[PDB]
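Asks: The structure follows.
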Amino acid sequence: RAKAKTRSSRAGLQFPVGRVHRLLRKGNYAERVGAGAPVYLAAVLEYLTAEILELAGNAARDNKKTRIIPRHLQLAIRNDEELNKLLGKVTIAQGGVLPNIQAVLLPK
Amino acid sequence: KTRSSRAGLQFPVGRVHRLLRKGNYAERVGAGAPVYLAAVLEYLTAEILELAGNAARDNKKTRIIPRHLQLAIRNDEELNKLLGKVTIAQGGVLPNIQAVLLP
Amino acid sequence: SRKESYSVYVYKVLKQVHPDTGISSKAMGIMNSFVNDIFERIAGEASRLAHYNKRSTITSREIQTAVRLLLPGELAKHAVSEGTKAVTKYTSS
Amino acid sequence: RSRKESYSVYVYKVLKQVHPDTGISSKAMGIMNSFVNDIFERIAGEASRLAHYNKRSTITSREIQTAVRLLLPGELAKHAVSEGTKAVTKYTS
Amino acid sequence: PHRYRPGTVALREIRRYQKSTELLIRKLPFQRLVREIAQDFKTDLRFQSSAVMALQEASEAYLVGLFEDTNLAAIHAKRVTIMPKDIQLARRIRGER
Amino acid sequence: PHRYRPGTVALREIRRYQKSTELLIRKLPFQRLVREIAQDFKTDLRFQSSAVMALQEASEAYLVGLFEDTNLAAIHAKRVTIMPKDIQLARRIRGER
Amino acid sequence: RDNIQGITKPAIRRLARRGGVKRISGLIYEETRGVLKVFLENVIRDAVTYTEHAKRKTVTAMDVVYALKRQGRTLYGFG
Amino acid sequence: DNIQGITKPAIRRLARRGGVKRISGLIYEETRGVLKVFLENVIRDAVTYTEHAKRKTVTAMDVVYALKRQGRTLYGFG
DNA sequence: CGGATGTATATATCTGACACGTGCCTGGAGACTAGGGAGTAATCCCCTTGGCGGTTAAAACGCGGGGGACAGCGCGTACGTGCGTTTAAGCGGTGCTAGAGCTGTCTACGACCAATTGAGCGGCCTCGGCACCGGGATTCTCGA
DNA sequence: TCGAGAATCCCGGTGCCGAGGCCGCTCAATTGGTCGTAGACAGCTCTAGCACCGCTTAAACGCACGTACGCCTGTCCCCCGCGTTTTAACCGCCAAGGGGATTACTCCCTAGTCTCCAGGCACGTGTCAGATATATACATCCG
């Protein structure tokens, strides 16, 4: 009997292949769920999370603070033009509005 | 014998049940769900055809043209909210002229 | 190689509502698309709602709630009344 | 008391793998969990739609690879599909 | 001859093309545009005619809606002439870009 | 008696409410308003505290977006102040009404 | 009743400032009172229906996040 | 030149369906640009669907599904 | 309103999409079962409502005033349109080959269940990142 | 420009309570097989999207001429900023109850298999509703 080896480590992923596989099983998405589909979905999820977290961390470090809070995550989502298009409909609780001011409203 | 007739409907109940089974909406579908959904679909269809017939009578034509559908769906305050985003192919536009455009 | 349609089924309703009125094939296709669209709009909403409550059955109740959600007020009332009438005619028959 | 599920010890690993000296608050953790859940729902629903549309009954890696090219805008989709292919080809071996 | 006052010809045009159900755009130029834009992503894209017709309907409808919103914005500005800034306003509030 | 020029307090106090995250509406007035509105649909209804905070924090971002669109529409008209007609225009172009 | 006016004029002022509005009219307050009422009715309608289907009498945060998700104004951080 | 096939009178009548009185001369380039953007956005999704199908043709069903994703679903093609 | 035009209105003749038998097979409807999802029952306590009282920032009121929304003149300039013409778009055939679409294998792949156990969640301290603030150095600002 | 004044940032201090690490402790994720079957593949068909030539002609295009209106001058009024007066939000802490999560036990209702039968849609006929062209009053513009 081979020793237990988790499927996330088998593919070198930080999100679980098994849990995504179970969710696709019992989520009523298809009659049968493929084998590589869960690991592919886990890879996509972990890449997206890594990107949105890296941007938020950079923005927070710019703000001289170590903790990541919804403000610095709101800035990360609304700053990059690709995540803004991906999350156009989303509202973030306790997020605030990115600092902008119109040129016409400027003094004089 | 057709459940479509024991319930006194016009749309199928068998087709709706079969689609709900292979639509993979849930593992198990209820017994009154297909008849309820068929009744709702039939009521909406009857309303739409009534409006289209009224529009056809307005245009003095015995047949209903997609333009009649467009007029009927744009001329009502409640079915517009249900079909506001959609566009009828080969249809038309509601006759609309702004007030300032008038001389 | 067969394609499912709704031509006769809309036609019966038309004849019951407006006699001596015909439908061009384009309008029949439009109505078929409309029925197939509302069917999915209701079924998918009922599926998501049933799955949101740790339930695995789509009975008349989930669709009735879906009808109440997907329609405007004065139309939702009539649609729900029609659904209850049909189901109550069916539960007794 | 009956376990709820959350991607907490799962986003901690990614954050510590990208920023070894950064921490996340509970509210931002809740935002991240809801974002990952929403992306999963969107992508899985799109793959299911493709499977139903093409008259197939199983969502293989191809369906999720196609769905990503639609859901993810911009040059993000290119990196996402590249890393998905990398992960799946390493998993096959 | 008679020279129409500017505006009356415009409304004579409006009230006759409102009833129009037609497409207003020439089929071959739009089909060529669709083929050209398709060639960028992949080559040998054989377009079915019904697909081109559906795309034409959708594009016509979208442009009609955009011009309706643009008309609304232009009338707001105490103006009766369309300007590109009114189109930018419409495409910003609609959040399309 | 130093008096700020009209607009100085507008270019200020606009920084505070943009850089920080807050609610900008008192808890209890909004709670009772929500109770009042919900009383019509169903009598004797109980709201979880989180279910009121979520409603408020999702209705703040709607008003903020509507006001941003209204401001853009007012700028279009070569003005600074925003009129109600700007608000109906914003809703109409957004397609909500 | 009469809590719609509870959303006070300074509240609309602060919201406009956060949005980026420099000068404020007089009737915009009433119009903001109207649009807020309409939006909250349109959300509470769905929230109460979702609660009623479940056969409970407490509106949870999840059953409001669902209602906002239906309208396309999805909210993160709750449920 | 393929884009300039949609010429000034065509855009004028489209605007007339929009119900307008007077149209400026700078509208044409902006309209061509926005139609170009919308058409490429729809065609990318349609071609993606066709590539999923392992086919080399774009059927009307693919176009109506691509529009369905865009939130502008179209009745009258199946 | 004198005069003039593209505005509905009544008529003949297509004529081709719409309306109607049909049949047959193909999916729906009885017949019957059984096993697992759901309704009913109890309970209990976590969470919700209701309430009193001290505290004060926020709301309301009120007035000075100043900058902007607005009323108006004009002008020339960019946009209607009348018309020739000329340019390329639908019709309508021709040819035809590449690709969608429907069947027949049968095999590699996924559901399922029987052991097996470590990863992930519930719970418990705990110390330091950040909240709050005193106050000082620092930087806009507008009346001069 | 300039200088008193009004905000503002930040340096440093104290304080805290909530991420974070650690420790049980289940049960959902791993193996190991069978077992059926979805589709991967090949092949054959047939069909329509594509190419092209000419033809008729609808309208696209360029050249003008007229002119409607998009864009500084002055005005008054309404919204901002501050000073004073509330007053209801808020925070705390209490008390009480109710209904929302839990298990436990049916139990009955829909998935599943089978056999039968009628109805729904392609496959063929007619046929008549409405397009298409022709001649007659006219609402409104030129002026």
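Residues are referred to by chain and number: the chain letter is A, B, ... according to the order shown in the structure tokens, the number counts from 1 in that chain, and ligands are numbered separately from 1 in the order shown.
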I'd like the neighbourhood of residue 92 of chain J as a list in words, where a residue qualifies if any of its atoms comes within 12 Å (using only C-alpha atoms (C1' of nucleotides)), though same-chain residues fewer than 5 positions away should be ignored.
Replies: residues 52, 53, 54 and 55 of chain I
Asks: Select residues of chain G: the criterion is any atom within 9 Å of an atom of chain D, counting only C-alpha atoms; output as a VMD selection string.
Replies: chain G and resid 75 to 79
Asks: Do me a favour and pick out the residues of chain J within 12 Å of chain C, using only C-alpha atoms (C1' of nucleotides), as a list in words.
Replies: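 Listing them in order of chain and number gives residues 109, 110, 119, 120, 121, 122 and 129 of chain J.
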Asks: Print the selection's residues with N, CA and C atoms (P, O5', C5', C4', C3', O3' and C1' of nucleotides) to a file, as a PDB file, in the first residue's frame.
Replies:
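Saved the output as result-v2.pdb:
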```pdb
ATOM      1  P    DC J 109     -47.114  11.166  -0.272  1.00  0.00           P
ATOM      2  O5'  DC J 109     -45.964  11.944  -1.066  1.00  0.00           O
ATOM      3  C5'  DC J 109     -44.617  11.893  -0.594  1.00  0.00           C
ATOM      4  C4'  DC J 109     -43.628  11.853  -1.749  1.00  0.00           C
ATOM      5  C3'  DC J 109     -44.244  11.875  -3.132  1.00  0.00           C
ATOM      6  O3'  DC J 109     -43.268  12.295  -4.066  1.00  0.00           O
ATOM      7  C1'  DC J 109     -43.316   9.757  -2.757  1.00  0.00           C
ATOM      8  P    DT J 110     -43.653  13.291  -5.263  1.00  0.00           P
ATOM      9  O5'  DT J 110     -42.434  13.133  -6.287  1.00  0.00           O
ATOM     10  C5'  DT J 110     -41.109  13.418  -5.855  1.00  0.00           C
ATOM     11  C4'  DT J 110     -40.141  12.333  -6.297  1.00  0.00           C
ATOM     12  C3'  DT J 110     -40.080  12.078  -7.804  1.00  0.00           C
ATOM     13  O3'  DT J 110     -38.739  11.806  -8.176  1.00  0.00           O
ATOM     14  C1'  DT J 110     -40.583  10.078  -6.704  1.00  0.00           C
ATOM     15  P    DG J 119     -53.585  11.467 -28.149  1.00  0.00           P
ATOM     16  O5'  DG J 119     -52.490  12.633 -28.226  1.00  0.00           O
ATOM     17  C5'  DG J 119     -51.157  12.393 -27.764  1.00  0.00           C
ATOM     18  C4'  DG J 119     -50.126  13.170 -28.577  1.00  0.00           C
ATOM     19  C3'  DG J 119     -50.683  14.193 -29.551  1.00  0.00           C
ATOM     20  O3'  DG J 119     -49.663  15.135 -29.889  1.00  0.00           O
ATOM     21  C1'  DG J 119     -49.749  12.422 -30.765  1.00  0.00           C
ATOM     22  P    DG J 120     -49.259  16.346 -28.909  1.00  0.00           P
ATOM     23  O5'  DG J 120     -47.737  16.636 -29.312  1.00  0.00           O
ATOM     24  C5'  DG J 120     -46.853  15.541 -29.531  1.00  0.00           C
ATOM     25  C4'  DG J 120     -45.728  15.907 -30.487  1.00  0.00           C
ATOM     26  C3'  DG J 120     -45.824  17.274 -31.126  1.00  0.00           C
ATOM     27  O3'  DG J 120     -44.544  17.630 -31.620  1.00  0.00           O
ATOM     28  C1'  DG J 120     -46.340  15.616 -32.733  1.00  0.00           C
ATOM     29  P    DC J 121     -44.190  19.150 -31.995  1.00  0.00           P
ATOM     30  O5'  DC J 121     -43.237  19.001 -33.268  1.00  0.00           O
ATOM     31  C5'  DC J 121     -42.173  18.055 -33.248  1.00  0.00           C
ATOM     32  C4'  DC J 121     -41.922  17.486 -34.633  1.00  0.00           C
ATOM     33  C3'  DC J 121     -41.865  18.518 -35.757  1.00  0.00           C
ATOM     34  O3'  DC J 121     -40.841  18.177 -36.681  1.00  0.00           O
ATOM     35  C1'  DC J 121     -43.535  16.925 -36.233  1.00  0.00           C
ATOM     36  P    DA J 122     -40.119  19.328 -37.539  1.00  0.00           P
ATOM     37  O5'  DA J 122     -39.984  18.695 -39.001  1.00  0.00           O
ATOM     38  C5'  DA J 122     -38.865  17.879 -39.317  1.00  0.00           C
ATOM     39  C4'  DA J 122     -39.282  16.681 -40.150  1.00  0.00           C
ATOM     40  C3'  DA J 122     -39.296  16.907 -41.655  1.00  0.00           C
ATOM     41  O3'  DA J 122     -38.910  15.713 -42.317  1.00  0.00           O
ATOM     42  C1'  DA J 122     -41.477  16.371 -40.925  1.00  0.00           C
ATOM     43  P    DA J 129     -57.480  35.743 -46.601  1.00  0.00           P
ATOM     44  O5'  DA J 129     -56.222  36.445 -45.896  1.00  0.00           O
ATOM     45  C5'  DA J 129     -54.982  35.743 -45.791  1.00  0.00           C
ATOM     46  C4'  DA J 129     -53.853  36.666 -45.350  1.00  0.00           C
ATOM     47  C3'  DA J 129     -54.255  38.088 -45.016  1.00  0.00           C
ATOM     48  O3'  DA J 129     -53.322  38.636 -44.083  1.00  0.00           O
ATOM     49  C1'  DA J 129     -53.224  37.931 -47.199  1.00  0.00           C
TER      50       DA J 129
END
```
Asks: When you look at residue 89 of chain E with a cut-off of 12 Å (counting only C-alpha atoms (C1' of nucleotides)), what residues show up, excluding the ones that are within fewer than 2 positions of it in the same chain? I need them as a PyMOL selection string.
Replies: (chain E and resi 66-67+69-74+76-77+82-87+91-97) or (chain F and resi 69-77+89-90+93-94)
Asks: May I have the residues within 10 Å of residue 50 of chain H as a list in words, using only C-alpha atoms (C1' of nucleotides) and disregarding those fewer than 4 positions away in the same chain?
Replies: residues 45 of chain E; 44, 45, 46, 54, 55, 56, 57, 58, 59, 62 and 63 of chain H
Asks: Would you mind exporting N, CA and C atoms of the selected residues as a tab-separated table (two decimals), in the first residue's frame?
Replies:
```tsv
chain	number	residue	atom	x	y	z
E	45	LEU	N	-12.62	31.33	-41.04
E	45	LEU	CA	-13.88	31.42	-40.31
E	45	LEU	C	-15.02	31.46	-41.33
H	44	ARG	N	-15.20	37.72	-30.57
H	44	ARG	CA	-14.25	36.94	-29.80
H	44	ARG	C	-14.94	35.79	-29.07
H	45	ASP	N	-16.07	36.08	-28.41
H	45	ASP	CA	-16.81	35.04	-27.71
H	45	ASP	C	-17.40	34.02	-28.69
H	46	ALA	N	-17.93	34.49	-29.82
H	46	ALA	CA	-18.51	33.56	-30.78
H	46	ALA	C	-17.45	32.59	-31.31
H	54	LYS	N	-15.04	22.47	-31.68
H	54	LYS	CA	-14.12	21.82	-32.62
H	54	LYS	C	-14.65	21.91	-34.05
H	55	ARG	N	-15.29	23.03	-34.37
H	55	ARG	CA	-15.78	23.30	-35.71
H	55	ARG	C	-15.05	24.50	-36.29
H	56	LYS	N	-15.26	24.72	-37.58
H	56	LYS	CA	-14.64	25.84	-38.28
H	56	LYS	C	-15.67	26.76	-38.91
H	57	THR	N	-16.89	26.79	-38.37
H	57	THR	CA	-17.95	27.67	-38.83
H	57	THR	C	-18.59	28.35	-37.64
H	58	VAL	N	-19.15	29.54	-37.88
H	58	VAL	CA	-19.85	30.30	-36.85
H	58	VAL	C	-21.33	30.25	-37.19
H	59	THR	N	-22.08	29.43	-36.47
H	59	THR	CA	-23.52	29.35	-36.69
H	59	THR	C	-24.23	30.47	-35.93
H	62	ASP	N	-24.35	30.16	-32.18
H	62	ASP	CA	-23.18	30.64	-31.46
H	62	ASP	C	-23.26	32.14	-31.23
H	63	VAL	N	-23.70	32.90	-32.24
H	63	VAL	CA	-23.79	34.34	-32.09
H	63	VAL	C	-24.84	34.71	-31.04
```
Asks: At what distance in Å, to one decimal, does atom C1' of residue 136 of chain J lie from atom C1' of residue 9 of chain I?
Replies: 8.4 Å
Asks: Just how far from atom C1' of residue 46 of chain I is atom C1' of residue 97 of chain J, in Å to one decimal?
Replies: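 It comes out at 11.8 Å.
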Asks: So which bits of segment 32-94 of chain E end up strand (DSSP E) when you DSSP the backbone, as a ChimeraX atom specification?
Replies: /E:46-47,81-82
Asks: Starting from chain G, keep only residues with some atom at most 12 Å from an atom of chain A, counting only C-alpha atoms, and report them as number ranges by chain.
Replies: G: 15-23, 65, 68-78
Asks: Between atom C1' of residue 43 of chain J and atom CA of residue 46 of chain E, what is the distance, to one decimal in Å?
Replies: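 Separation of atom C1' of residue 43 of chain J and atom CA of residue 46 of chain E: 23.5 Å.
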Asks: Taking only C-alpha atoms (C1' of nucleotides) into account, what are the residues of chain I at most 10 Å from chain D, put as a list in words?
Replies: residues 110, 120, 121, 122 and 129 of chain I
Asks: Would you write out, as a tab-separated table, a table of all residues in chain H that have an atom no more than 10 Å from an atom of chain C, listing for each the closest atom pair and the distance in Å to one decimal, considering only C-alpha atoms and ordering rows by chain and rising residue number?
Replies:
```
residue	atom	partner	partner_atom	distance
H:73	CA	C:37	CA	9.5
H:74	CA	C:33	CA	8.7
H:75	CA	C:30	CA	5.5
H:76	CA	C:30	CA	4.4
H:77	CA	C:29	CA	7.0
H:78	CA	C:33	CA	5.8
```
Asks: Any chance you can output those residues with N, CA and C atoms as a PDB file, in the first residue's frame?
Replies:
```pdb
ATOM      1  N   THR H  73     -29.355  39.350 -24.775  1.00  0.00           N
ATOM      2  CA  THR H  73     -29.838  38.158 -25.462  1.00  0.00           C
ATOM      3  C   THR H  73     -30.886  38.518 -26.507  1.00  0.00           C
ATOM      4  N   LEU H  74     -30.874  37.768 -27.603  1.00  0.00           N
ATOM      5  CA  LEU H  74     -31.604  38.106 -28.821  1.00  0.00           C
ATOM      6  C   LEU H  74     -32.612  36.999 -29.112  1.00  0.00           C
ATOM      7  N   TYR H  75     -33.875  37.374 -29.285  1.00  0.00           N
ATOM      8  CA  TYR H  75     -34.897  36.409 -29.655  1.00  0.00           C
ATOM      9  C   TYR H  75     -34.997  36.307 -31.170  1.00  0.00           C
ATOM     10  N   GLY H  76     -35.307  35.111 -31.661  1.00  0.00           N
ATOM     11  CA  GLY H  76     -35.601  34.957 -33.071  1.00  0.00           C
ATOM     12  C   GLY H  76     -34.599  34.145 -33.864  1.00  0.00           C
ATOM     13  N   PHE H  77     -33.742  33.384 -33.180  1.00  0.00           N
ATOM     14  CA  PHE H  77     -32.784  32.547 -33.895  1.00  0.00           C
ATOM     15  C   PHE H  77     -32.614  31.173 -33.253  1.00  0.00           C
ATOM     16  N   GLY H  78     -33.491  30.793 -32.331  1.00  0.00           N
ATOM     17  CA  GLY H  78     -33.418  29.481 -31.715  1.00  0.00           C
ATOM     18  C   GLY H  78     -32.960  29.504 -30.271  1.00  0.00           C
TER      19      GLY H  78
END
```
Asks: For the alpha helix (DSSP H) assignment from backbone DSSP, which residues of chain H qualify? Please present them as a PyMOL selection string.
Replies: chain H and resi 8-17+27-52+60-69
Asks: Output N, CA and C atoms for every residue in the selection just made, as a short mmCIF file (atom, residue, chain, number, x, y, z; two decimals), in the first residue's frame.
Replies:
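Final output, saved to selection33.cif:
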```
data_model
loop_
_atom_site.label_atom_id
_atom_site.label_comp_id
_atom_site.auth_asym_id
_atom_site.auth_seq_id
_atom_site.Cartn_x
_atom_site.Cartn_y
_atom_site.Cartn_z
N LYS H 8 -21.48 57.61 -44.10
CA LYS H 8 -22.19 58.67 -43.39
C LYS H 8 -23.71 58.58 -43.51
N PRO H 9 -24.30 58.39 -44.69
CA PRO H 9 -25.77 58.28 -44.73
C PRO H 9 -26.32 57.11 -43.93
N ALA H 10 -25.61 55.98 -43.85
CA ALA H 10 -26.10 54.86 -43.06
C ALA H 10 -26.15 55.22 -41.58
N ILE H 11 -25.10 55.87 -41.07
CA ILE H 11 -25.09 56.29 -39.68
C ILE H 11 -26.15 57.36 -39.45
N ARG H 12 -26.36 58.23 -40.43
CA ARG H 12 -27.42 59.23 -40.33
C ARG H 12 -28.81 58.64 -40.14
N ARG H 13 -29.16 57.62 -40.92
CA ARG H 13 -30.46 56.97 -40.78
C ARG H 13 -30.58 56.15 -39.49
N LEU H 14 -29.46 55.59 -39.05
CA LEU H 14 -29.45 54.88 -37.77
C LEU H 14 -29.78 55.91 -36.70
N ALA H 15 -29.17 57.09 -36.77
CA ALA H 15 -29.47 58.15 -35.82
C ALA H 15 -30.92 58.61 -35.95
N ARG H 16 -31.44 58.63 -37.17
CA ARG H 16 -32.85 58.98 -37.36
C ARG H 16 -33.76 57.96 -36.70
N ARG H 17 -33.35 56.69 -36.71
CA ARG H 17 -34.12 55.68 -35.93
C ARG H 17 -33.94 56.04 -34.45
N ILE H 27 -19.35 62.74 -35.43
CA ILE H 27 -19.97 61.55 -34.86
C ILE H 27 -19.54 60.29 -35.59
N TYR H 28 -19.16 60.41 -36.86
CA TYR H 28 -19.01 59.23 -37.71
C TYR H 28 -17.83 58.37 -37.27
N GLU H 29 -16.69 59.00 -36.99
CA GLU H 29 -15.53 58.24 -36.56
C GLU H 29 -15.78 57.57 -35.21
N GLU H 30 -16.41 58.28 -34.28
CA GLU H 30 -16.71 57.70 -32.97
C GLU H 30 -17.68 56.53 -33.10
N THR H 31 -18.70 56.67 -33.94
CA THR H 31 -19.65 55.58 -34.14
C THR H 31 -18.98 54.37 -34.77
N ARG H 32 -18.12 54.59 -35.76
CA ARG H 32 -17.39 53.48 -36.35
C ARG H 32 -16.51 52.80 -35.31
N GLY H 33 -15.86 53.58 -34.45
CA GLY H 33 -15.02 52.99 -33.42
C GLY H 33 -15.81 52.16 -32.43
N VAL H 34 -16.94 52.68 -31.96
CA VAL H 34 -17.71 51.96 -30.96
C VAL H 34 -18.33 50.70 -31.56
N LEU H 35 -18.78 50.77 -32.82
CA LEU H 35 -19.31 49.58 -33.46
C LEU H 35 -18.20 48.55 -33.68
N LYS H 36 -17.00 49.01 -34.03
CA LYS H 36 -15.85 48.12 -34.14
C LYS H 36 -15.59 47.40 -32.82
N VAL H 37 -15.61 48.15 -31.71
CA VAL H 37 -15.33 47.56 -30.41
C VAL H 37 -16.38 46.53 -30.04
N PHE H 38 -17.66 46.89 -30.19
CA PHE H 38 -18.73 45.96 -29.85
C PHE H 38 -18.68 44.71 -30.71
N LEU H 39 -18.44 44.88 -32.02
CA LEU H 39 -18.41 43.73 -32.91
C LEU H 39 -17.24 42.81 -32.60
N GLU H 40 -16.06 43.37 -32.31
CA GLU H 40 -14.94 42.50 -31.96
C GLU H 40 -15.19 41.80 -30.63
N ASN H 41 -15.83 42.49 -29.69
CA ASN H 41 -16.12 41.86 -28.40
C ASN H 41 -17.07 40.68 -28.57
N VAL H 42 -18.09 40.82 -29.41
CA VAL H 42 -19.01 39.71 -29.63
C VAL H 42 -18.33 38.59 -30.41
N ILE H 43 -17.56 38.94 -31.44
CA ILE H 43 -16.94 37.94 -32.29
C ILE H 43 -15.92 37.12 -31.52
N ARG H 44 -15.20 37.72 -30.57
CA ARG H 44 -14.25 36.94 -29.80
C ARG H 44 -14.94 35.79 -29.07
N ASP H 45 -16.07 36.08 -28.41
CA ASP H 45 -16.81 35.04 -27.71
C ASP H 45 -17.40 34.02 -28.69
N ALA H 46 -17.93 34.49 -29.82
CA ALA H 46 -18.51 33.56 -30.78
C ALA H 46 -17.45 32.59 -31.31
N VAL H 47 -16.27 33.11 -31.66
CA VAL H 47 -15.19 32.27 -32.15
C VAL H 47 -14.70 31.34 -31.05
N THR H 48 -14.70 31.80 -29.79
CA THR H 48 -14.34 30.92 -28.69
C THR H 48 -15.30 29.74 -28.59
N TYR H 49 -16.60 30.00 -28.71
CA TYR H 49 -17.58 28.92 -28.68
C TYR H 49 -17.36 27.95 -29.84
N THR H 50 -17.11 28.49 -31.04
CA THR H 50 -16.88 27.62 -32.19
C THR H 50 -15.63 26.77 -32.01
N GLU H 51 -14.59 27.35 -31.41
CA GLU H 51 -13.38 26.57 -31.13
C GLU H 51 -13.65 25.49 -30.10
N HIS H 52 -14.51 25.78 -29.12
CA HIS H 52 -14.91 24.73 -28.15
C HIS H 52 -15.59 23.59 -28.91
N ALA H 60 -25.47 30.75 -36.35
CA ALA H 60 -26.25 31.79 -35.68
C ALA H 60 -26.48 31.46 -34.22
N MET H 61 -26.53 30.17 -33.89
CA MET H 61 -26.73 29.77 -32.50
C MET H 61 -25.57 30.24 -31.64
N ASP H 62 -24.35 30.16 -32.18
CA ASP H 62 -23.18 30.64 -31.46
C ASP H 62 -23.26 32.14 -31.23
N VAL H 63 -23.70 32.90 -32.24
CA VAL H 63 -23.79 34.34 -32.09
C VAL H 63 -24.84 34.71 -31.04
N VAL H 64 -25.99 34.03 -31.06
CA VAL H 64 -27.02 34.37 -30.08
C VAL H 64 -26.58 33.98 -28.68
N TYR H 65 -25.80 32.90 -28.53
CA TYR H 65 -25.28 32.57 -27.21
C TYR H 65 -24.24 33.60 -26.74
N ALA H 66 -23.37 34.05 -27.65
CA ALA H 66 -22.41 35.08 -27.29
C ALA H 66 -23.11 36.36 -26.85
N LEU H 67 -24.19 36.72 -27.54
CA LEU H 67 -25.00 37.86 -27.10
C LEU H 67 -25.65 37.58 -25.75
N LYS H 68 -26.09 36.35 -25.53
CA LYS H 68 -26.70 35.99 -24.25
C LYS H 68 -25.73 36.22 -23.10
N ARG H 69 -24.45 35.89 -23.30
CA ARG H 69 -23.46 36.19 -22.27
C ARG H 69 -23.37 37.70 -22.06
#
```
Asks: Please identify all polymer residues within 10 Å of residue 79 of chain B, counting only C-alpha atoms (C1' of nucleotides), omitting same-chain residues fewer than 3 positions from it, and present them as number ranges by chain.
Replies: B: 44, 47-48, 72-76, 82-84; C: 71-72, 75
Asks: Suppose we keep N, CA and C atoms; can you now write the selection as an mmCIF file, in the first residue's frame?
Replies:
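As a result, part-v5.cif now contains:
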```
data_model
loop_
_atom_site.group_PDB
_atom_site.id
_atom_site.type_symbol
_atom_site.label_atom_id
_atom_site.label_comp_id
_atom_site.auth_asym_id
_atom_site.auth_seq_id
_atom_site.Cartn_x
_atom_site.Cartn_y
_atom_site.Cartn_z
ATOM 1 N N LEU B 44 -48.230 33.360 -19.425
ATOM 2 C CA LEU B 44 -47.416 34.399 -20.053
ATOM 3 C C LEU B 44 -47.588 34.394 -21.568
ATOM 4 N N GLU B 47 -50.952 35.943 -22.480
ATOM 5 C CA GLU B 47 -50.897 37.399 -22.390
ATOM 6 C C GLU B 47 -50.173 38.002 -23.588
ATOM 7 N N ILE B 48 -49.039 37.412 -23.974
ATOM 8 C CA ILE B 48 -48.262 37.958 -25.085
ATOM 9 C C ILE B 48 -49.056 37.878 -26.385
ATOM 10 N N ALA B 72 -46.234 45.530 -28.891
ATOM 11 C CA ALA B 72 -46.953 45.036 -27.721
ATOM 12 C C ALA B 72 -46.054 44.994 -26.494
ATOM 13 N N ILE B 73 -44.801 44.574 -26.668
ATOM 14 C CA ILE B 73 -43.914 44.442 -25.522
ATOM 15 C C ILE B 73 -43.359 45.795 -25.093
ATOM 16 N N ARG B 74 -43.343 46.786 -25.987
ATOM 17 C CA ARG B 74 -42.843 48.100 -25.600
ATOM 18 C C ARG B 74 -43.953 49.020 -25.104
ATOM 19 N N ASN B 75 -45.217 48.661 -25.335
ATOM 20 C CA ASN B 75 -46.338 49.534 -25.015
ATOM 21 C C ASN B 75 -46.915 49.288 -23.627
ATOM 22 N N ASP B 76 -46.333 48.382 -22.850
ATOM 23 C CA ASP B 76 -46.865 48.032 -21.542
ATOM 24 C C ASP B 76 -45.839 48.326 -20.460
ATOM 25 N N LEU B 82 -39.905 43.208 -17.735
ATOM 26 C CA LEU B 82 -39.482 41.822 -17.884
ATOM 27 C C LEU B 82 -38.635 41.597 -19.126
ATOM 28 N N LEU B 83 -38.843 42.396 -20.171
ATOM 29 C CA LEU B 83 -38.120 42.261 -21.429
ATOM 30 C C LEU B 83 -37.461 43.569 -21.855
ATOM 31 N N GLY B 84 -36.984 44.356 -20.890
ATOM 32 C CA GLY B 84 -36.335 45.613 -21.231
ATOM 33 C C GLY B 84 -34.999 45.425 -21.922
ATOM 34 N N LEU C 71 -41.251 38.169 -11.801
ATOM 35 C CA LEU C 71 -42.299 38.913 -12.475
ATOM 36 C C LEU C 71 -42.651 40.181 -11.713
ATOM 37 N N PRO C 72 -43.108 41.219 -12.411
ATOM 38 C CA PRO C 72 -43.624 42.407 -11.723
ATOM 39 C C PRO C 72 -44.901 42.082 -10.961
ATOM 40 N N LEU C 75 -48.459 41.396 -12.471
ATOM 41 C CA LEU C 75 -48.376 40.194 -13.290
ATOM 42 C C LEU C 75 -48.058 38.966 -12.446
#
```
Asks: Set the cut-off to 8 Å and count only C-alpha atoms: what are the residues of chain D that reach chain H? Output as a ChimeraX atom specification.
Replies: /D:54,62-63,66,69-70
Asks: Please provide the set of residues having any atom within 12 Å of residue 40 of chain G, restricted to only C-alpha atoms (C1' of nucleotides), with same-chain residues fewer than 5 positions apart removed, written as a list in words.
Replies: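 Listing them by chain and then by number gives residues 30, 31, 33, 34, 35, 36, 37, 38, 52, 55, 56, 58, 59, 60, 62 and 63 of chain F; 4, 32, 33, 34, 35, 45, 46, 47, 48, 64, 67 and 68 of chain G.
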